[PDB]
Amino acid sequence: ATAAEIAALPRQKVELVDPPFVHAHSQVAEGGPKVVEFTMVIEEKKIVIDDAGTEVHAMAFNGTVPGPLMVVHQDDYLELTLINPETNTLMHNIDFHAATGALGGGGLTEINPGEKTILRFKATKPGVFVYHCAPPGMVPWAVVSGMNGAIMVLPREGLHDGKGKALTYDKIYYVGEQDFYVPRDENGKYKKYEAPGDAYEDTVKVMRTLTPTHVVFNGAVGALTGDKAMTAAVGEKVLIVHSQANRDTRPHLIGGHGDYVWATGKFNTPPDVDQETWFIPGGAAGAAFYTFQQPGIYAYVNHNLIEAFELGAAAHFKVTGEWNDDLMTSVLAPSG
């Protein structure tokens, strides 16, 4: 399309919401291509990641880890207004894995504190994709400080299974998984710092061990549990988008499955089916579609169980509805 043709397309301003929730959108595109507008303000802030009060100096898109999920449809244009407040101390930018050219946009969006930029790219490929800050010379540090999220580029006709039958979800959640590398002192205690740059050297040494001290969802151990457990009901169809910008993960819904899983996160690649545990390589997003059939509490984890239960990679789903004895029943309850 020409510059004139793009200029004539309708524009739609979207208001982002904090993960794991996802902003309002329509699965099947309502109309022709549009320029979908988003704005995100970058916030460098301290976040507490465990119950021991361990801190991380987060580099957060929109003030959250992960950054919010942006939803558009194939061949719409995504126009991001990115803002770096004068209150921040570092230059930041953004690389959309969904975009084509200039390092995903990173090369055209480098803004110092007190600056902003507007980047527009055509969402030519359908799927879920990671986005993350990538300042030259400081790439992994930015990413493992939490500056990453994902976007979903839906097919204009919504999702479909491998045979073309439509797959329509009732709810959608976005789980951003983060590997953190927190320095420790000689007594095995996590260190705290008064400035982001103060922890750089120490953090890089831990990063080089390729062994995270924490692996969490939505920025902290137990974040998506209790007041933040995700919800659903028996019979409801749920899409779970999961991203990991720097390290591999293997999601698993304990007590359920991934009925259809686009493990590579790309919708033109047929989804795997009846999955117990799927795999998403570091640097990517994936999506699983599941219809709940049993009520109760479910855990959703990275299935290296040490990472899930020792390091923090576990979330919960509270599901309502009637129990199905045909699917599962306790013939004899635990007894002598």
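Each residue number is its position in the shown sequence, starting from 1.
- Across the two stretches, 112 to 120 and 194 to 202, the PDB entry reports the greater mean Cα temperature factor for 194 to 202.
- Between the stretches 309 to 317 and 21 to 29, it is 21 to 29 that shows the larger average CA temperature factor.
- Listed residues 210, 90, 215, 253 were ranked by CA B-factor as deposited; 90 comes out on top.
- Residue 58: CA B factor lies in the highest third for its chain, per the PDB record.
- In this PDB entry, residue 297 carries a Cα temperature factor that places it within the highest third of its chain's modelled residues.
- Among the modelled residues of its chain, residue 105 has a C-alpha B-factor that falls in the middle third according to the deposited record.
- Ranked against the other modelled residues of its chain, the C-alpha B-factor of residue 179 as given in the entry falls in the lowest third.
- Per the deposited record, the Cα B-factor of residue 127 falls in the lowest third when ranked against the other modelled residues of its chain.
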